[PDB]
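Encoded as structure tokens, the following chain is the form solved without the named molecule, with no partner shown.
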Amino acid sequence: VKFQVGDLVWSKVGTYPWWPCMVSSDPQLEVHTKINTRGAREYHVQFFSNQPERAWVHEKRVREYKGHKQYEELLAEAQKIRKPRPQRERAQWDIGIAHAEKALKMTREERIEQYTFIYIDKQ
């Protein structure tokens, strides 16, 4: 384990770009980290966005979030070739970054209080 609840991280999931997240405890498993069915470590994250969502992410797809300007360094990990940025997606990413920049100014306990999602079971 390298991340704990309330840590700010970037996650690279599915078809999405590196995205600002907060590590959190899964509402059902009550753990923020686990070993998956392939034997690899995963972390439970919340995506910062206008659309609240969560996911289990392979440790190789998680990075410490030091600030929004780190995005360039993450693209460097992979003429220069750049993927274009789709409009709706860029708008949600900018919202997520604005929240992550606000969260970076808080303590870990403050972030946990401000951002941990409330989960409501389908009735």
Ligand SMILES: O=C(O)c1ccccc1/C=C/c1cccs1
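Between two forms, the rigid core is defined as the largest C-alpha subset superposing within 1.5 Å. When you see a residue number, it is the position in the sequence shown, counting from 1.
- Task: Please pick 91-99 or 37-45, whichever has its Cα atoms farther from the shown form in 8 other deposited structures of this protein after a rigid core fit.
- Result: Farther from the shown form on average in 8 other deposited structures of this protein: 37-45.
- Query: Of the other entries that cover residues on both sides, do at least a third skip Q28?
  - Reply: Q28: modelled in every other compared entry.
- Entries skipping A55: at least a third of other ones: Across the other compared entries, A55 is absent from none.
- Deposited but uncoordinated residues in the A78/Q79 interval: The entry has 10 or more unmodelled residues between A78 and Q79.
- Look over 104-112 and 7-15 in the entry and identify the one with the greater average Cα temperature factor. Per the PDB record, 104-112.
- Between 41-49 and 90-98, name whichever shows the higher mean Cα B factor according to the PDB entry. Between 90-98 and 41-49, it is 90-98 that shows the higher mean C-alpha B-factor.
- Please pick out which of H32, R54, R82, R63 has the largest Cα B-factor as recorded in the entry. Answer for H32, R54, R82, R63: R82, with the highest C-alpha B-factor.
Here the subject shifts to the form deposited with the named molecule bound, a form of this protein not shown in this document.
- Message: Would the named molecule, positioned as it is in the deposited complex and superimposed via the C-alphas around its site, fit into this form without 3 or more of its atoms falling within 2.4 Å of the backbone or C-beta atoms? Open or blocked?
- Response: Site status: blocked.
- Message: Is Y65 near the named molecule? Define near as a heavy atom within 4.5 Å, in the deposited complex.
- Response: No, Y65 stays farther than 4.5 Å from the named molecule in the deposited complex.
- Considering only heavy atoms, tell me if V31 and the named molecule come within 4.5 Å of each other in the deposited complex. No.
- Message: Check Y43 for me: does it contact the named molecule in the deposited complex (non-hydrogen atoms, 4.5 angstroms)?
- Response: Output for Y43 is no: heavy atoms all beyond 4.5 Å of the named molecule.
- Item | the named molecule contact at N36 in the deposited complex, heavy atom, 4.5 Å | Judged by the heavy-atom cut-off of 4.5 Å, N36 is well away from the named molecule in the deposited complex.
- Quick check: do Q4, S24 and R108 each get a heavy atom within 4.5 Å of the named molecule in the deposited complex? Spot residues vs the named molecule: no contact at all.
- Query: Using a 4.5 Å cut-off on heavy atoms, what residues in 88-105 are near the named molecule in the deposited complex?
  - Reply: Going through 88-105 in order - heavy atoms within 4.5 Å of the named molecule in the deposited complex - the hits are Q92, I95, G96, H99.
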